[PDB]
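Chemist: Questions regarding the structure given below will be posed in turn.
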Amino acid sequence: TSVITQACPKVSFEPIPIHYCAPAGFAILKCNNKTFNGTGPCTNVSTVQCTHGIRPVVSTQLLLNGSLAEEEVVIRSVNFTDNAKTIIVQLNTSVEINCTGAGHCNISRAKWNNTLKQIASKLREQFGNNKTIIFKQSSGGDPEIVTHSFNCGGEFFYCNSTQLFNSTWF
Amino acid sequence: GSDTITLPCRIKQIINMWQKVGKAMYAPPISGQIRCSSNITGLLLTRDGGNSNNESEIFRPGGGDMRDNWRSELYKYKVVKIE
Amino acid sequence: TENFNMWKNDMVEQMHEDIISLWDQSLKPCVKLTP
Numbered sequence: 198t199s200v201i202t203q204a205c206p207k208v209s210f211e212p213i214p215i216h217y218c219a220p221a222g223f224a225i226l227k228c229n230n231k232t233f234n235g236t237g238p239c240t241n242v243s244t245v246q247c248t249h250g251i252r253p254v255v256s257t258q259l260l261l262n263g264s265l266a267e268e269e270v271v272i273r274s275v276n277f278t279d280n281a282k283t284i285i286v287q288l289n290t291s292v293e294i295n296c297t298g299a329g330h331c332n333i334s335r336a337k338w339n340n341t342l343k344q345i346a347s348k349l350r351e352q353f354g355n356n357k358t359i360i361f362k363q364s365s366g367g368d369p370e371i372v373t374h375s376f377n378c379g380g381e382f383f384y385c386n387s388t389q390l391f392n393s394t395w396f
Numbered sequence: 410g411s412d413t414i415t416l417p418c419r420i421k422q423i424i425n426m427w428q429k430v431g432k433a434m435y436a437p438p439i440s441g442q443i444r445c446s447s448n449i450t451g452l453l454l455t456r457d458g459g460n461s462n463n464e465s466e467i468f469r470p471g472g473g474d475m476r477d478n479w480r481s482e483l484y485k486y487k488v489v490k491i492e
Numbered sequence: 090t091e092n093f094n095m096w097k098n099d100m101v102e103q104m105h106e107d108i109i110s111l112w113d114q115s116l117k118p119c120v121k122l123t124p
């Protein structure tokens, strides 16, 4: 049970947009379908030397500082049927979450309630014609899983999000 | 008027690692003005079960597999063998 | 054209290992892992 005592240092972690180009005798094929949805035969596609400016942000339940959908909210999952599988959601418009070491994160109430009904306009049923969509919060598990954990200014934040995922829609 | 969703937050030093199944401890803060401004660009959810195809569907926040974080940016890409 | 893509990779496994190896060189702690 390996323990390692390194000179634990107070550094500042900053994200450098990472570009991933073609690896050796291989070629990167970008699908240009504005609304490509996961698995499937991409129609419009083209070879590229490198992907794009990818910002490697480590965090939970909320993907941040990344790529948005240019058309509508697009969701993706390996199997929308198996409840055990993660469902990723690509948003239409960015939302802001301002945080400080003082223990809080505030995000606009209106901006976020709107994205919720948008995401609600297509959940599991599969853009289902209609049914009741409910947003509750984590059942349990690790702190990093149960809360929006992320690395802010070098420090590790564990933001309680019950208020973001506790509502009902149709 | 200017109703903002205030979320209680906490800075922990002992954390469960995301890299591999481990635990780690970092030094406490030195700055008195840790300030971040991020743009939520997405969401990673999960759905309650045992209610397949019925009237309601519960969805809770998720995450954990950092791969699912890279997947959201790399979805539209693929590496093909070239001669 | 007319190609296939999916919930597999490109750089998912690659990137993951780059980022894991990036964090290591940057945010150094006092680790504890179980073998």
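Residue numbers (the entry's author numbering), protein chains in the order written: chain B, 198 to 299, 329 to 396; chain C, 410 to 492; chain A, 90 to 124. Yeah, the Cβ is synthetic: ideal placement off N, Cα and C, and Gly gets one too.
State the Cα-Cα distance for the pair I251 (chain B) and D412 (chain C), rounded to the nearest angstrom.
Modeler: Answer to the nearest angstrom: the Cα atoms are 33 Å apart.
Chemist: Please decide whether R419 (chain C) counts as near chain A, where near means a Cβ-Cβ distance under 8 Å.
Modeler: It does not: the Cβ of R419 (chain C) has no partner Cβ on chain A nearer than 8 Å.
Chemist: So, does the CB of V120 (chain A) fall closer than 8 Å to a CB anywhere in chain B?
Modeler: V120 (chain A) counts as touching chain B.
Chemist: Kindly identify the DSSP beta-bridge partner or partners of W395 (chain B).
Modeler: B:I359
Chemist: Can you look up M104 (chain A) in the DSSP assignment and give me helix, strand or coil?
Modeler: Three-state result, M104 (chain A): helix.
Chemist: Please classify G366 (chain B) as buried or exposed, where buried requires at least 16 neighbouring CB atoms within 10 angstroms.
Modeler: That one is exposed.
Chemist: My output table needs one value for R476 (chain C): the three-state DSSP class, helix, strand or coil.
Modeler: helix
Chemist: Check whether chain B comes within 8 Å of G410 (chain C), counting only Cβ atoms and requiring the distance to be less than that.
Modeler: No - not a single Cβ of chain B is within 8 Å of the one on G410 (chain C).
Chemist: Please confirm whether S110 (chain A) has its beta-carbon closer than 8 Å to some beta-carbon of chain B.
Modeler: no
Chemist: So what's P212 (chain B) in DSSP terms, helix, strand or just coil?
Modeler: In the structure shown, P212 (chain B) sits in coil (DSSP, three-state: anything other than H, G, I, E or B).
Chemist: At the level of alpha carbons, what is the spacing between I285 (chain B) and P238 (chain B)?
Modeler: 20 Å
Chemist: Interface residues of chain A around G431 (chain C) at Cβ under 8 Å?
Modeler: Under the 8 Å cutoff, chain A gives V120, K121, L122, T123.
Chemist: Report yes or no: do the region 454–465 of chain C and the region 201–210 of chain B share at least 3 C-beta pairs separated by less than 8 Å?
Modeler: With a cut-off of 8 Å, the region 201–210 of chain B and the region 454–465 of chain C do not count as touching, because too few Cβ pairs lie within range.
Chemist: Report the residue from B:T257, B:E381, B:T297 whose alpha carbon sits nearest the alpha carbon of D474 (chain C).
Modeler: B:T257
Chemist: Which class does residue 153 (chain A) belong to by DSSP, given the choice of helix, strand or coil?
Modeler: Look at the range of chain A in this structure, 90 to 124, and you will see that residue 153 (chain A) is not part of it.
Chemist: Which residue wins for smallest C-alpha separation from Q422 (chain C), given the options C:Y435, C:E482, C:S446, C:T450?
Modeler: C:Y435
Chemist: Give a yes or no on whether the minimum CB-CB distance between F210 (chain B) and chain C is below 8 Å.
Modeler: Interface annotation, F210 (chain B): not in contact with chain C, CB-CB separation never under 8 Å.
Chemist: Return the Cβ separation of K348 (chain B) and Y486 (chain C) in integer angstroms, given the expectation that the two are a contact with Cβ distance under 8 Å.
Modeler: Not confirmed; about 24 Å, so no contact.
Chemist: Show which residues of chain D have a CB atom less than 9 Å away from the CB atom of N94 (chain A).
Modeler: The displayed structure is made up of protein chains B, C and A, and chain D is not among them.
Chemist: What's the gap between the Cα of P417 (chain C) and the Cα of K282 (chain B)?
Modeler: 28 Å
Chemist: Buried or exposed for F396 (chain B), going by 16 or more other Cβ atoms inside 10 Å?
Modeler: exposed
Chemist: By how many angstroms is the C-alpha of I333 (chain B) removed from the C-alpha of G410 (chain C)?
Modeler: 14 Å
Chemist: Assign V200 (chain B) to buried or exposed, taking buried as 16 or more other Cβ atoms, counted over all protein chains shown, within 10 Å of its Cβ.
Modeler: exposed
Chemist: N262 (chain B) touches chain C at which residues, Cβ-Cβ below 7 Å?
Modeler: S447, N448, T450
Chemist: Span of the beta strand (DSSP E) holding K343 (chain B)?
Modeler: Residue range 335–346 is occupied by the alpha helix (DSSP H) that includes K343 (chain B), with no beta strand (DSSP E) assigned at that position.
Chemist: Where does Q287 (chain B) sit, in a helix, a strand or coil, going by DSSP?
Modeler: If DSSP states are grouped into helix, strand and coil, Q287 (chain B) belongs with the strands.
Chemist: Nearest chain A C-beta to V275 (chain B) closer than 8 Å, yes or no?
Modeler: With respect to chain A, the C-beta atom of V275 (chain B) has a partner C-beta closer than 8 Å.
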